[PDB]
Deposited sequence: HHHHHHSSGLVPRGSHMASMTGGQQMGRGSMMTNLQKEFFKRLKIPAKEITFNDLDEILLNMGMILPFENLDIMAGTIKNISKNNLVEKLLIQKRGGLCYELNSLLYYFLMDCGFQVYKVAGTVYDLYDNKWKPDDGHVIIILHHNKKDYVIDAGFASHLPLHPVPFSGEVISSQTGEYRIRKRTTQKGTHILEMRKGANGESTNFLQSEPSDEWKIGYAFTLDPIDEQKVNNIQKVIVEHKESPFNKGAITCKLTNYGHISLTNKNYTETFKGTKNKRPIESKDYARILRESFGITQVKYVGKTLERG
């Protein structure tokens, strides 16, 4: 019936095995955001394997770990393919809002879905900026607990399209193109994130996840909680780290 990946996927995301249709994508994205932590711990620990369906199922589903955008969306890609959707992966380049500049070229991986003559961006790897719904190329606003999002076909130094977002003023989240990327490219993207001097992900541990009242983030130095409108940062010690990872993110 269902593939091994589908079976494991349903189990991990606590979603009853069933046929997945377009209208079911919201539920998929929601659970992923609430359960699959956004993290770079393998990069920190120096235990990085190449990306593949099997490796993704082993790490994110079976060993109940999380991952970065290229892992989260690669897994979802495989899942959606098994579910029979018309999907493909494309590279993206994120914009650094604090320092006004583009992060490394193609440091993000997203999914483009074609459904009923319409294209949508499917993204479960943007950490705390998760749309939690397919974002239509037609431009209508998509709103969720994380903020508002919209797609615009605008050429930029890094692409042909952009995903903009806001809580008040619209700003570029990331730029992208519709050029299909394969596993080798995805493995190249991983390597660049592991070694680029300006890579945001090889400078310190990060683990983030959505909650019913916001989202939570944990670094080696601080635990940041966004809760019912409030945002607190608490310095932590070595032992608080291991405990929070476990208790708040299910990572053991």
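A.B. asks: Comparing the deposited sequence with the modelled residues, which stretches have no C-alpha coordinates?
C.D. replies: Unmodelled stretches, in sequence order: 1-30, 198-212, 298-309.
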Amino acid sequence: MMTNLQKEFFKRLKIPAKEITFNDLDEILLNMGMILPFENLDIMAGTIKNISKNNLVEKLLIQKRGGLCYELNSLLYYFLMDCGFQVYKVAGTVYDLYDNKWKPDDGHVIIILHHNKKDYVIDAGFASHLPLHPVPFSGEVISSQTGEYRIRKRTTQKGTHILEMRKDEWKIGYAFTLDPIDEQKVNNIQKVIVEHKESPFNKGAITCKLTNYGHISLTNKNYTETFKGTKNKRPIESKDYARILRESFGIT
From here on, numbers count along this sequence of modelled residues.
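A.B. asks: Got a sec? Mean C-alpha B-factor, which is higher, 198-206 or 184-192?
C.D. replies: 198-206 has the higher mean C-alpha B-factor.
A.B. asks: Per the entry, which of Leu75, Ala175, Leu97, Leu132 tops the list for Cα B factor?
C.D. replies: By C-alpha B-factor in the record, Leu97 ranks first.
A.B. asks: Sort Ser138, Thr160, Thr93, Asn116 by C-alpha B-factor from the entry and give me just the highest.
C.D. replies: Highest C-alpha B-factor among the listed residues goes to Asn116.
A.B. asks: For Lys153, return the chain-relative third of its C-alpha B-factor as stated in the PDB record: lowest, middle or highest.
C.D. replies: Answer is middle: the recorded C-alpha B-factor places it there.
A.B. asks: Using only modelled residues of the chain, where does the Cα B factor of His108 rank: lowest third, middle third or highest third?
C.D. replies: Ranked within chain, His108 CA B lands in the lowest tercile.
A.B. asks: Please say which third, lowest, middle or highest, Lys89 falls into when its CA temperature factor is compared across its chain.
C.D. replies: For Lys89, whose C-alpha B-factor we compare with every modelled residue in the chain, the answer is the lowest third.
A.B. asks: Lowest, middle or highest third of the chain for the C-alpha temperature factor of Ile48?
C.D. replies: Within its chain, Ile48 is a highest-third residue by C-alpha B-factor, going by the deposited values.
A.B. asks: How does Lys233 rank on Cα B-factor within its chain, lowest, middle or highest third?
C.D. replies: Lowest third of the chain for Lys233's C-alpha B-factor.
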